[PDB]
$ cat query-v3.txt   # compact mmCIF, C-alpha atoms
# COMPACT_ATOMS: atom_id res chain seq x y z
CA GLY A 1 21.01 10.08 65.78
CA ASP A 2 21.23 6.80 63.82
CA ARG A 3 22.36 3.33 64.96
CA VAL A 4 20.96 0.29 63.05
CA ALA A 5 23.29 -0.64 60.23
CA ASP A 6 20.81 -0.56 57.33
CA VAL A 7 20.11 3.12 58.04
CA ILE A 8 23.79 4.06 58.20
CA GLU A 9 24.63 2.29 54.94
CA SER A 10 21.53 3.72 53.24
CA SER A 11 21.56 5.68 49.97
CA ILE A 12 18.10 7.16 50.65
CA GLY A 13 18.45 10.89 50.06
CA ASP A 14 21.20 10.95 47.38
CA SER A 15 20.38 14.14 45.40
CA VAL A 16 23.29 13.99 42.95
CA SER A 17 22.06 12.35 39.77
CA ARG A 18 24.89 10.18 38.47
CA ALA A 19 25.39 10.89 34.74
CA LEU A 20 26.81 8.22 32.41
CA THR A 21 27.82 10.75 29.74
CA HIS A 22 29.37 14.21 29.51
CA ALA A 23 29.61 16.96 26.89
CA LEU A 24 32.80 17.58 24.92
CA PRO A 25 33.78 20.59 22.85
CA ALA A 26 33.01 20.02 19.16
CA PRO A 27 33.37 23.24 17.10
CA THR A 28 34.06 21.37 13.87
CA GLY A 29 33.19 18.06 12.28
CA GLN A 30 35.37 15.14 13.23
CA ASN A 31 38.50 14.45 11.18
CA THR A 32 39.27 11.28 9.28
CA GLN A 33 42.35 9.22 10.16
CA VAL A 34 44.43 7.20 7.72
CA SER A 35 43.41 3.54 7.96
CA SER A 36 44.74 0.42 6.31
CA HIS A 37 43.53 -3.11 5.66
CA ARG A 38 42.73 -5.31 8.64
CA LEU A 39 42.44 -9.09 8.20
CA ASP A 40 41.62 -10.17 11.78
CA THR A 41 39.58 -12.74 13.67
CA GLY A 42 38.02 -11.50 16.93
CA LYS A 43 37.92 -7.84 15.86
CA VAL A 44 34.56 -7.14 14.22
CA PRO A 45 33.45 -3.41 14.04
CA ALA A 46 30.85 -3.96 11.34
CA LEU A 47 28.72 -6.32 13.43
CA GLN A 48 26.23 -4.68 15.80
CA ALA A 49 23.24 -5.54 18.00
CA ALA A 50 20.59 -2.88 17.46
CA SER B 1 36.80 -14.90 19.19
CA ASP B 2 38.22 -17.15 16.50
CA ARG B 3 34.81 -17.94 15.03
CA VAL B 4 34.10 -14.27 14.40
CA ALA B 5 36.03 -12.16 11.89
CA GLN B 6 36.27 -9.05 9.74
CA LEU B 7 38.39 -8.67 6.60
CA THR B 8 38.78 -5.12 5.37
CA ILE B 9 40.89 -4.16 2.39
CA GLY B 10 40.41 -1.32 -0.06
CA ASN B 11 36.77 -0.18 -0.03
CA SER B 12 35.51 -3.65 0.84
CA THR B 13 34.69 -5.40 4.12
CA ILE B 14 33.75 -9.03 4.79
CA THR B 15 32.22 -10.32 8.03
CA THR B 16 31.66 -13.85 9.29
CA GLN B 17 30.26 -15.20 12.54
CA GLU B 18 31.26 -18.83 11.96
CA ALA B 19 34.89 -18.88 10.86
CA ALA B 20 37.60 -21.44 11.56
CA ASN B 21 40.60 -19.16 11.86
CA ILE B 22 42.69 -18.09 8.84
CA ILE B 23 45.37 -20.02 6.95
CA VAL B 24 48.47 -18.17 5.77
CA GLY B 25 49.83 -20.38 3.01
CA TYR B 26 53.29 -21.83 3.53
CA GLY B 27 53.50 -19.65 6.57
CA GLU B 28 54.24 -16.36 4.84
CA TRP B 29 52.49 -13.12 4.03
CA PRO B 30 52.41 -11.53 0.59
CA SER B 31 55.15 -8.94 0.09
CA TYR B 32 56.46 -6.77 -2.74
CA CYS B 33 59.42 -7.90 -4.82
CA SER B 34 62.77 -6.87 -3.32
CA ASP B 35 65.44 -4.96 -5.25
CA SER B 36 67.73 -7.99 -5.29
CA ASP B 37 65.13 -10.55 -6.42
CA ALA B 38 63.88 -8.22 -9.17
CA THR B 39 65.41 -8.20 -12.63
CA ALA B 40 63.25 -5.96 -14.86
CA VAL B 41 64.51 -2.36 -14.68
CA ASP B 42 61.43 -0.20 -15.17
CA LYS B 43 59.80 1.37 -12.11
CA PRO B 44 56.65 -0.69 -11.37
CA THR B 45 53.17 0.69 -10.78
CA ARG B 46 51.56 -0.35 -7.49
CA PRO B 47 47.89 0.85 -7.80
CA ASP B 48 47.16 -0.09 -4.17
CA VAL B 49 43.48 0.34 -3.12
CA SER B 50 41.97 0.31 -6.60
CA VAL B 51 43.18 -3.25 -7.27
CA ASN B 52 43.82 -4.77 -3.83
CA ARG B 53 40.20 -5.20 -2.74
CA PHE B 54 37.59 -7.95 -2.59
CA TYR B 55 35.96 -9.08 -5.82
CA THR B 56 32.97 -11.45 -5.67
CA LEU B 57 33.23 -13.39 -8.91
CA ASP B 58 31.01 -16.43 -8.94
CA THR B 59 28.39 -18.57 -7.22
CA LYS B 60 27.93 -22.30 -7.69
CA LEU B 61 25.06 -24.41 -6.41
CA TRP B 62 26.05 -27.24 -4.12
CA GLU B 63 24.01 -30.35 -4.83
CA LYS B 64 23.80 -33.83 -3.45
CA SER B 65 25.56 -35.00 -6.60
CA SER B 66 28.12 -32.19 -7.14
CA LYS B 67 31.64 -33.28 -8.05
CA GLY B 68 33.62 -30.15 -7.30
CA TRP B 69 35.08 -27.17 -9.16
CA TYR B 70 38.29 -25.24 -9.73
CA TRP B 71 39.29 -21.69 -10.72
CA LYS B 72 42.67 -20.47 -11.90
CA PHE B 73 44.60 -17.46 -10.60
CA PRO B 74 45.07 -14.77 -11.76
CA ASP B 75 42.87 -15.90 -14.67
CA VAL B 76 39.59 -15.37 -12.71
CA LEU B 77 40.34 -11.65 -12.47
CA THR B 78 42.02 -10.77 -15.76
CA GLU B 79 38.81 -9.17 -17.05
CA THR B 80 37.52 -7.52 -13.88
CA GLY B 81 37.87 -3.98 -12.54
CA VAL B 82 41.02 -1.91 -12.36
CA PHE B 83 42.97 -5.08 -11.60
CA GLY B 84 42.06 -6.58 -14.97
CA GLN B 85 42.96 -3.42 -16.83
CA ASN B 86 46.40 -3.40 -15.24
CA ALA B 87 46.91 -7.08 -16.06
CA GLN B 88 46.05 -6.40 -19.68
CA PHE B 89 48.14 -3.24 -20.17
CA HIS B 90 51.22 -4.75 -18.53
CA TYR B 91 53.45 -7.62 -19.52
CA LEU B 92 54.64 -8.26 -15.95
CA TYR B 93 52.51 -8.94 -12.90
CA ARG B 94 52.79 -10.31 -9.38
CA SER B 95 50.57 -10.34 -6.29
CA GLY B 96 49.36 -12.41 -3.38
CA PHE B 97 45.72 -13.22 -2.67
CA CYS B 98 43.20 -13.39 0.12
CA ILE B 99 40.61 -16.01 -0.77
CA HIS B 100 37.28 -16.15 1.06
CA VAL B 101 34.93 -19.00 0.06
CA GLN B 102 31.41 -18.69 1.47
CA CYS B 103 28.74 -21.30 2.14
CA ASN B 104 26.11 -21.27 4.87
CA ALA B 105 23.26 -23.69 5.51
CA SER B 106 21.30 -24.59 8.66
CA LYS B 107 21.95 -26.59 11.81
CA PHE B 108 19.93 -29.37 10.11
CA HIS B 109 22.00 -29.60 6.90
CA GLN B 110 25.32 -31.44 6.68
CA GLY B 111 28.30 -31.86 4.41
CA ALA B 112 31.93 -30.87 4.09
CA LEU B 113 33.84 -29.04 1.38
CA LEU B 114 37.61 -29.21 1.08
CA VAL B 115 38.93 -25.78 -0.02
CA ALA B 116 42.54 -25.83 -1.19
CA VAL B 117 45.13 -23.95 -3.18
CA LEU B 118 47.34 -25.97 -5.54
CA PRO B 119 50.23 -24.10 -7.24
CA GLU B 120 50.97 -24.87 -10.89
CA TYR B 121 47.74 -26.84 -11.25
CA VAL B 122 48.30 -28.51 -14.62
CA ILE B 123 45.22 -30.23 -16.08
CA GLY B 124 45.43 -33.57 -17.86
CA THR B 125 42.98 -35.41 -20.14
CA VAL B 126 41.67 -38.98 -20.06
CA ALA B 127 43.79 -39.79 -23.14
CA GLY B 128 40.84 -41.08 -25.18
CA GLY B 129 39.82 -43.46 -22.39
CA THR B 130 42.21 -46.20 -23.51
CA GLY B 131 45.25 -44.00 -22.90
CA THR B 132 46.50 -44.31 -26.45
CA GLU B 133 45.35 -40.91 -27.61
CA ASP B 134 47.61 -37.99 -26.65
CA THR B 135 44.80 -35.43 -26.23
CA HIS B 136 45.28 -32.09 -24.52
CA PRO B 137 42.89 -29.89 -22.59
CA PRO B 138 41.42 -26.94 -24.53
CA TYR B 139 42.01 -23.31 -23.55
CA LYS B 140 38.53 -23.03 -21.97
CA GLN B 141 39.44 -25.86 -19.60
CA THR B 142 42.92 -24.74 -18.54
CA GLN B 143 41.88 -21.10 -18.03
CA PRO B 144 38.09 -21.27 -17.34
CA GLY B 145 37.85 -17.64 -16.31
CA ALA B 146 35.44 -16.55 -13.58
CA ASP B 147 32.94 -19.35 -14.16
CA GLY B 148 35.48 -21.89 -13.10
CA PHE B 149 35.16 -25.46 -14.33
CA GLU B 150 33.66 -28.67 -12.96
CA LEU B 151 35.96 -31.60 -12.23
CA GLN B 152 35.40 -34.68 -14.41
CA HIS B 153 37.19 -37.13 -12.07
CA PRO B 154 37.70 -35.50 -8.67
CA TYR B 155 39.40 -38.58 -7.18
CA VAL B 156 42.48 -37.92 -9.35
CA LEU B 157 41.94 -34.16 -9.61
CA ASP B 158 41.76 -34.49 -13.42
CA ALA B 159 45.55 -34.75 -13.30
CA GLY B 160 46.45 -38.27 -12.18
CA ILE B 161 47.07 -37.33 -8.55
CA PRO B 162 45.15 -38.31 -5.38
CA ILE B 163 42.80 -35.75 -3.90
CA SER B 164 43.32 -37.68 -0.65
CA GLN B 165 46.71 -35.93 -0.40
CA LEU B 166 45.53 -32.46 -1.42
CA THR B 167 45.69 -31.40 2.23
CA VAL B 168 49.47 -31.13 1.83
CA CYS B 169 48.51 -27.78 0.27
CA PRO B 170 47.19 -24.70 2.11
CA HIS B 171 43.57 -25.51 2.85
CA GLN B 172 40.53 -25.28 5.10
CA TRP B 173 37.29 -27.25 5.25
CA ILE B 174 33.77 -25.92 5.30
CA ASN B 175 32.03 -28.44 7.53
CA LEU B 176 28.47 -27.14 7.71
CA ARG B 177 27.99 -28.06 11.37
CA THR B 178 31.05 -25.96 12.22
CA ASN B 179 31.81 -23.03 9.92
CA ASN B 180 30.36 -21.24 6.91
CA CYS B 181 33.53 -20.07 5.19
CA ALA B 182 37.17 -20.67 4.44
CA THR B 183 39.85 -17.99 4.37
CA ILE B 184 43.26 -18.61 2.83
CA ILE B 185 46.00 -16.05 2.29
CA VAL B 186 48.50 -16.91 -0.42
CA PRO B 187 51.83 -15.20 -1.15
CA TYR B 188 53.16 -14.90 -4.72
CA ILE B 189 54.37 -18.34 -5.81
CA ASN B 190 56.63 -18.73 -8.84
CA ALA B 191 60.25 -19.41 -9.80
CA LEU B 192 60.46 -15.91 -11.30
CA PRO B 193 60.00 -12.53 -9.56
CA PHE B 194 57.25 -11.40 -12.01
CA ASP B 195 55.38 -13.16 -14.82
CA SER B 196 52.52 -12.80 -17.32
CA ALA B 197 49.05 -12.72 -15.77
CA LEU B 198 47.71 -13.99 -19.07
CA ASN B 199 50.00 -16.84 -20.04
CA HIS B 200 50.67 -18.30 -16.61
CA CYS B 201 48.32 -19.29 -13.80
CA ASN B 202 50.24 -19.43 -10.55
CA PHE B 203 47.77 -21.65 -8.75
CA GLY B 204 44.34 -23.18 -8.82
CA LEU B 205 41.58 -22.95 -6.22
CA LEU B 206 39.76 -26.23 -5.64
CA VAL B 207 36.39 -26.55 -3.87
CA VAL B 208 35.37 -30.20 -3.63
CA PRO B 209 32.70 -31.88 -1.55
CA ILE B 210 34.26 -34.85 0.29
CA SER B 211 31.27 -35.49 2.55
CA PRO B 212 28.12 -34.98 0.41
CA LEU B 213 25.48 -32.36 1.10
CA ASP B 214 22.37 -33.75 2.76
CA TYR B 215 19.17 -32.52 4.41
CA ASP B 216 15.57 -33.67 4.85
CA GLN B 217 12.72 -32.86 2.45
CA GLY B 218 11.47 -29.42 3.42
CA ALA B 219 14.73 -27.70 4.33
CA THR B 220 16.01 -25.02 1.90
CA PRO B 221 17.50 -27.10 -0.99
CA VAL B 222 19.42 -24.30 -2.71
CA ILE B 223 22.82 -24.05 -1.01
CA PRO B 224 25.13 -21.61 -2.88
CA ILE B 225 28.91 -21.48 -2.66
CA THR B 226 30.30 -18.03 -3.40
CA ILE B 227 33.88 -17.12 -4.30
CA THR B 228 35.30 -13.77 -3.16
CA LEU B 229 38.98 -12.88 -3.49
CA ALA B 230 41.37 -9.96 -3.11
CA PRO B 231 44.76 -9.34 -4.72
CA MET B 232 47.42 -8.28 -2.22
CA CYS B 233 50.54 -6.22 -2.95
CA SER B 234 49.84 -6.11 -6.67
CA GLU B 235 52.72 -4.87 -8.82
CA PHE B 236 52.81 -4.39 -12.60
CA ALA B 237 55.56 -3.52 -15.08
CA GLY B 238 56.36 -3.59 -18.79
CA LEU B 239 53.68 -1.19 -19.99
CA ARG B 240 52.26 -1.14 -23.55
CA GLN B 241 48.82 -1.49 -25.17
CA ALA B 242 46.10 -3.64 -23.60
CA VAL B 243 46.11 -7.32 -24.62
CA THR B 244 43.50 -9.91 -23.58
CA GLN B 245 45.59 -12.98 -24.39
$ encode --input "query-v3.txt" --output "C-alpha cells"
Amino acid sequence: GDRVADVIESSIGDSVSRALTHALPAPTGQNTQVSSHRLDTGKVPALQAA
Amino acid sequence: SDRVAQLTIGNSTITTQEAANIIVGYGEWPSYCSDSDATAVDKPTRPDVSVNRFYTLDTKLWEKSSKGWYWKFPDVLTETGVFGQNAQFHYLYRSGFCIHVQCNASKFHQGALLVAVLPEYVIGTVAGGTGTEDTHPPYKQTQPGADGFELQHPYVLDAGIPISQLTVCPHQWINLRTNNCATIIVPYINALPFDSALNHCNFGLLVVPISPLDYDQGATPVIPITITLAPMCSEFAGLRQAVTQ
C-alpha cells in the first residue's frame, strides 16, 4: 500500500504512449476549394518559420 | 497583428511584416457600376482574375537629394498585361485600385515618405519663369507611363498648390523607423460612370520625401522604392480595334 503524496500523484509506470497525431482516411488526393482575394492585416498564411 | 499583412488577389500575393494598417480611400471599397448609374447599353466584359492582380511596375532609388515622383492612373498600366489589352481594345473603362508602395531600410537609416493619391492631378508649368509665357506640359509629363516623373517643385506639387495640405487626400507615410510600406485602396473616382483609360487619368500617385533619407557611411546606400498595384472590379465596354492613344 501507498501513502506519501508524491507516490500517489506519480506518473511512473504510464504505459500508454500519448500520440499527438492520428491517421485519417485518404483514398484520393485532396480537392481544391474556390478561394477569392483577401486583403487583410493580421492574417498571413504565406509567412512561415522553418 | 496590424503590422503584419497579406494581400492576395488573382495569382499574386504580397506579404509585409512592418505595415501600418490599410487606408480605404474616402471610406469606400471599389464596386461595379450599378444599373441605374450606368448609361452605355452594351453588356460589359469583366475579365476578373486576369486583370485584377498585382503588377510591379517600377523602382526608383531614394537618395539624400531626391525630390519626389508621381505616376498617373490608369496610365501606368495601359501597356501591361491583359489589363492593358482590355484598355486598348475598349473605349470605356472603370476600376478601383489597391496600391502597395514598398521601401525597406535598416534600424539605422531614417527618413519619411508621404504616399498619397490625388484625383484629377492636373500638372502646371512654370510659365517661362516670369509667368508671362502660357506654356503647357508635354504629353510625356502629363502621362509619364510606368516610369513616372520627377517633381520639379515639390513644395507646390508642380501645380500651384501646397504639398503641406496633401494629407487631405487618402495617404500613408513610410517612416523608416516604423513601417516599410504603404497600402491604399481607391474606389473609382469620376463624375461619369465609365471613361477612357487613355484620354483621362483619374488620379495621380505621389511619393515624396518630406523628411530626407539619411544614414552613416558604411550602411547600404541603395534604398529602392518599388511600386506595385492591382486593379479592382475592372469593367470594360465599347469594343473595337486596339488603340494606344
$ atom_distance --input "query-v3.txt" --atom1 "atom CA of residue B:228" --atom2 "atom CA of residue B:107"
23.8 Å
$ closest_residue --input "query-v3.txt" --among "B:110, B:143, B:1, B:167" --to "residue B:204" --atoms "only C-alpha atoms"
B:143
$ interface_residues --input "query-v3.txt" --of "chain A" --to "chain B" --cutoff "10 Å" --atoms "all atoms listed in the file" --output "PyMOL selection string"
chain A and resi 35-47
$ residues_around --input "query-v3.txt" --residues "residue B:71" --least-positions-apart "3" --cutoff "12 Å" --atoms "all atoms listed in the file" --output "VMD selection string"
chain B and resid 57 to 60 68 74 to 77 99 101 115 to 119 121 to 123 140 to 151 201 to 208 227 to 229
$ residues_around --input "query-v3.txt" --residues "residue B:94" --least-positions-apart "2" --cutoff "12 Å" --atoms "only C-alpha atoms" --output "short mmCIF file (atom, residue, chain, number, x, y, z; two decimals) with C-alpha atoms, in the coordinates of the input"
data_model
loop_
_atom_site.label_atom_id
_atom_site.label_comp_id
_atom_site.auth_asym_id
_atom_site.auth_seq_id
_atom_site.Cartn_x
_atom_site.Cartn_y
_atom_site.Cartn_z
CA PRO B 30 52.41 -11.53 0.59
CA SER B 31 55.15 -8.94 0.09
CA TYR B 32 56.46 -6.77 -2.74
CA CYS B 33 59.42 -7.90 -4.82
CA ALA B 38 63.88 -8.22 -9.17
CA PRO B 44 56.65 -0.69 -11.37
CA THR B 45 53.17 0.69 -10.78
CA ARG B 46 51.56 -0.35 -7.49
CA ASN B 52 43.82 -4.77 -3.83
CA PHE B 73 44.60 -17.46 -10.60
CA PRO B 74 45.07 -14.77 -11.76
CA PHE B 83 42.97 -5.08 -11.60
CA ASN B 86 46.40 -3.40 -15.24
CA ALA B 87 46.91 -7.08 -16.06
CA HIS B 90 51.22 -4.75 -18.53
CA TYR B 91 53.45 -7.62 -19.52
CA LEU B 92 54.64 -8.26 -15.95
CA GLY B 96 49.36 -12.41 -3.38
CA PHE B 97 45.72 -13.22 -2.67
CA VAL B 186 48.50 -16.91 -0.42
CA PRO B 187 51.83 -15.20 -1.15
CA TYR B 188 53.16 -14.90 -4.72
CA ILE B 189 54.37 -18.34 -5.81
CA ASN B 190 56.63 -18.73 -8.84
CA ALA B 191 60.25 -19.41 -9.80
CA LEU B 192 60.46 -15.91 -11.30
CA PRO B 193 60.00 -12.53 -9.56
CA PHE B 194 57.25 -11.40 -12.01
CA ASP B 195 55.38 -13.16 -14.82
CA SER B 196 52.52 -12.80 -17.32
CA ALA B 197 49.05 -12.72 -15.77
CA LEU B 198 47.71 -13.99 -19.07
CA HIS B 200 50.67 -18.30 -16.61
CA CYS B 201 48.32 -19.29 -13.80
CA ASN B 202 50.24 -19.43 -10.55
CA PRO B 231 44.76 -9.34 -4.72
CA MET B 232 47.42 -8.28 -2.22
CA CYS B 233 50.54 -6.22 -2.95
CA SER B 234 49.84 -6.11 -6.67
CA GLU B 235 52.72 -4.87 -8.82
CA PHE B 236 52.81 -4.39 -12.60
CA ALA B 237 55.56 -3.52 -15.08
#
$ atom_distance --input "query-v3.txt" --atom1 "atom CA of residue B:95" --atom2 "atom CA of residue B:224"
28.0 Å
$ residues_near_point --input "query-v3.txt" --point "(61.4, -0.9, -16.5)" --cutoff "9 Å" --atoms "all atoms listed in the file" --output "MDAnalysis selection string"
chainID B and resid 40:44 237:239
$ write_last_selection --input "query-v3.txt" --atoms "C-alpha atoms" --output "PDB file, keeping the file's coordinate frame"
ATOM      1  CA  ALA B  40      63.250  -5.960 -14.860  1.00  0.00           C
ATOM      2  CA  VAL B  41      64.510  -2.360 -14.680  1.00  0.00           C
ATOM      3  CA  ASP B  42      61.430  -0.200 -15.170  1.00  0.00           C
ATOM      4  CA  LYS B  43      59.800   1.370 -12.110  1.00  0.00           C
ATOM      5  CA  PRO B  44      56.650  -0.690 -11.370  1.00  0.00           C
ATOM      6  CA  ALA B 237      55.560  -3.520 -15.080  1.00  0.00           C
ATOM      7  CA  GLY B 238      56.360  -3.590 -18.790  1.00  0.00           C
ATOM      8  CA  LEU B 239      53.680  -1.190 -19.990  1.00  0.00           C
TER       9      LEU B 239
END
$ closest_residue --input "query-v3.txt" --among "B:130, B:79, B:160, B:100" --to "residue B:174" --atoms "all atoms listed in the file"
B:100
$ closest_residue --input "query-v3.txt" --among "B:136, B:72, B:64, B:177" --to "residue B:105" --atoms "only C-alpha atoms"
B:177
$ atom_distance --input "query-v3.txt" --atom1 "atom CA of residue B:158" --atom2 "atom CA of residue B:65"
17.6 Å
$ residues_around --input "query-v3.txt" --residues "residue B:127" --least-positions-apart "6" --cutoff "10 Å" --atoms "only C-alpha atoms" --output "PDB file with C-alpha atoms, in the coordinates of the input"
ATOM      1  CA  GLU B 133      45.350 -40.910 -27.610  1.00  0.00           C
ATOM      2  CA  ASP B 134      47.610 -37.990 -26.650  1.00  0.00           C
ATOM      3  CA  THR B 135      44.800 -35.430 -26.230  1.00  0.00           C
ATOM      4  CA  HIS B 136      45.280 -32.090 -24.520  1.00  0.00           C
ATOM      5  CA  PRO B 137      42.890 -29.890 -22.590  1.00  0.00           C
TER       6      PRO B 137
END
$ residues_near_point --input "query-v3.txt" --point "(46.3, -12.1, -23.7)" --cutoff "8 Å" --atoms "all atoms listed in the file" --output "PyMOL selection string"
chain B and resi 88+198-199+243-245
$ write_last_selection --input "query-v3.txt" --atoms "C-alpha atoms" --output "PDB file, in the coordinates of the input"
ATOM      1  CA  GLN B  88      46.050  -6.400 -19.680  1.00  0.00           C
ATOM      2  CA  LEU B 198      47.710 -13.990 -19.070  1.00  0.00           C
ATOM      3  CA  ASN B 199      50.000 -16.840 -20.040  1.00  0.00           C
ATOM      4  CA  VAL B 243      46.110  -7.320 -24.620  1.00  0.00           C
ATOM      5  CA  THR B 244      43.500  -9.910 -23.580  1.00  0.00           C
ATOM      6  CA  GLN B 245      45.590 -12.980 -24.390  1.00  0.00           C
TER       7      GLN B 245
END
$ residues_around --input "query-v3.txt" --residues "residue B:108" --least-positions-apart "5" --cutoff "9 Å" --atoms "only C-alpha atoms" --output "mmCIF file with C-alpha atoms, keeping the file's coordinate frame"
data_model
loop_
_atom_site.group_PDB
_atom_site.id
_atom_site.type_symbol
_atom_site.label_atom_id
_atom_site.label_comp_id
_atom_site.auth_asym_id
_atom_site.auth_seq_id
_atom_site.Cartn_x
_atom_site.Cartn_y
_atom_site.Cartn_z
ATOM 1 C CA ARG B 177 27.990 -28.060 11.370
ATOM 2 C CA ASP B 214 22.370 -33.750 2.760
ATOM 3 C CA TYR B 215 19.170 -32.520 4.410
ATOM 4 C CA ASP B 216 15.570 -33.670 4.850
ATOM 5 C CA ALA B 219 14.730 -27.700 4.330
#
$ build_atoms --input "query-v3.txt" --residues "stretch 125-146 of chain B" --atoms "N, CA and C atoms" --output "PDB file, in the coordinates of the input"
ATOM      1  N   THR B 125      44.197 -34.876 -19.519  1.00  0.00           N
ATOM      2  CA  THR B 125      42.980 -35.410 -20.140  1.00  0.00           C
ATOM      3  C   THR B 125      42.938 -36.912 -19.881  1.00  0.00           C
ATOM      4  N   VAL B 126      41.827 -37.542 -20.250  1.00  0.00           N
ATOM      5  CA  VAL B 126      41.670 -38.980 -20.060  1.00  0.00           C
ATOM      6  C   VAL B 126      42.319 -39.800 -21.181  1.00  0.00           C
ATOM      7  N   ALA B 127      43.088 -39.130 -22.039  1.00  0.00           N
ATOM      8  CA  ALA B 127      43.790 -39.790 -23.140  1.00  0.00           C
ATOM      9  C   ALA B 127      42.923 -40.734 -23.982  1.00  0.00           C
ATOM     10  N   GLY B 128      41.741 -40.266 -24.382  1.00  0.00           N
ATOM     11  CA  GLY B 128      40.840 -41.080 -25.180  1.00  0.00           C
ATOM     12  C   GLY B 128      40.326 -42.336 -24.488  1.00  0.00           C
ATOM     13  N   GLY B 129      40.302 -42.319 -23.155  1.00  0.00           N
ATOM     14  CA  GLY B 129      39.820 -43.460 -22.390  1.00  0.00           C
ATOM     15  C   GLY B 129      40.784 -44.635 -22.307  1.00  0.00           C
ATOM     16  N   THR B 130      41.284 -45.068 -23.459  1.00  0.00           N
ATOM     17  CA  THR B 130      42.210 -46.200 -23.510  1.00  0.00           C
ATOM     18  C   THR B 130      43.640 -45.795 -23.164  1.00  0.00           C
ATOM     19  N   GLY B 131      43.919 -44.495 -23.217  1.00  0.00           N
ATOM     20  CA  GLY B 131      45.250 -44.000 -22.900  1.00  0.00           C
ATOM     21  C   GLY B 131      46.204 -44.044 -24.069  1.00  0.00           C
ATOM     22  N   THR B 132      45.668 -44.235 -25.264  1.00  0.00           N
ATOM     23  CA  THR B 132      46.500 -44.310 -26.450  1.00  0.00           C
ATOM     24  C   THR B 132      46.461 -43.012 -27.235  1.00  0.00           C
ATOM     25  N   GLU B 133      45.481 -42.176 -26.926  1.00  0.00           N
ATOM     26  CA  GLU B 133      45.350 -40.910 -27.610  1.00  0.00           C
ATOM     27  C   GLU B 133      45.998 -39.810 -26.755  1.00  0.00           C
ATOM     28  N   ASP B 134      46.924 -39.062 -27.353  1.00  0.00           N
ATOM     29  CA  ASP B 134      47.610 -37.990 -26.650  1.00  0.00           C
ATOM     30  C   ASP B 134      46.841 -36.658 -26.769  1.00  0.00           C
ATOM     31  N   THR B 135      45.631 -36.631 -26.208  1.00  0.00           N
ATOM     32  CA  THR B 135      44.800 -35.430 -26.230  1.00  0.00           C
ATOM     33  C   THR B 135      45.329 -34.401 -25.245  1.00  0.00           C
ATOM     34  N   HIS B 136      44.860 -33.169 -25.390  1.00  0.00           N
ATOM     35  CA  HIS B 136      45.280 -32.090 -24.520  1.00  0.00           C
ATOM     36  C   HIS B 136      44.072 -31.255 -24.172  1.00  0.00           C
ATOM     37  N   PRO B 137      44.047 -30.706 -22.958  1.00  0.00           N
ATOM     38  CA  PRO B 137      42.890 -29.890 -22.590  1.00  0.00           C
ATOM     39  C   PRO B 137      42.839 -28.580 -23.355  1.00  0.00           C
ATOM     40  N   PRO B 138      41.634 -28.188 -23.778  1.00  0.00           N
ATOM     41  CA  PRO B 138      41.420 -26.940 -24.530  1.00  0.00           C
ATOM     42  C   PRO B 138      41.564 -25.697 -23.651  1.00  0.00           C
ATOM     43  N   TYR B 139      41.848 -24.559 -24.278  1.00  0.00           N
ATOM     44  CA  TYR B 139      42.010 -23.310 -23.550  1.00  0.00           C
ATOM     45  C   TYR B 139      40.893 -23.070 -22.519  1.00  0.00           C
ATOM     46  N   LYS B 140      39.632 -23.277 -22.899  1.00  0.00           N
ATOM     47  CA  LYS B 140      38.530 -23.030 -21.970  1.00  0.00           C
ATOM     48  C   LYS B 140      38.568 -23.914 -20.721  1.00  0.00           C
ATOM     49  N   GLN B 141      39.358 -24.981 -20.755  1.00  0.00           N
ATOM     50  CA  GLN B 141      39.440 -25.860 -19.600  1.00  0.00           C
ATOM     51  C   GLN B 141      40.650 -25.567 -18.716  1.00  0.00           C
ATOM     52  N   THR B 142      41.723 -25.046 -19.308  1.00  0.00           N
ATOM     53  CA  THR B 142      42.920 -24.740 -18.540  1.00  0.00           C
ATOM     54  C   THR B 142      42.817 -23.364 -17.882  1.00  0.00           C
ATOM     55  N   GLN B 143      42.100 -22.455 -18.538  1.00  0.00           N
ATOM     56  CA  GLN B 143      41.880 -21.100 -18.030  1.00  0.00           C
ATOM     57  C   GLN B 143      40.391 -20.784 -18.205  1.00  0.00           C
ATOM     58  N   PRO B 144      39.546 -21.401 -17.365  1.00  0.00           N
ATOM     59  CA  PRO B 144      38.090 -21.270 -17.340  1.00  0.00           C
ATOM     60  C   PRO B 144      37.514 -19.905 -17.007  1.00  0.00           C
ATOM     61  N   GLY B 145      38.363 -18.949 -16.665  1.00  0.00           N
ATOM     62  CA  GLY B 145      37.850 -17.640 -16.310  1.00  0.00           C
ATOM     63  C   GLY B 145      37.105 -17.659 -14.991  1.00  0.00           C
ATOM     64  N   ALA B 146      36.219 -16.686 -14.811  1.00  0.00           N
ATOM     65  CA  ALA B 146      35.440 -16.550 -13.580  1.00  0.00           C
ATOM     66  C   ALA B 146      34.407 -17.628 -13.320  1.00  0.00           C
TER      67      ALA B 146
END
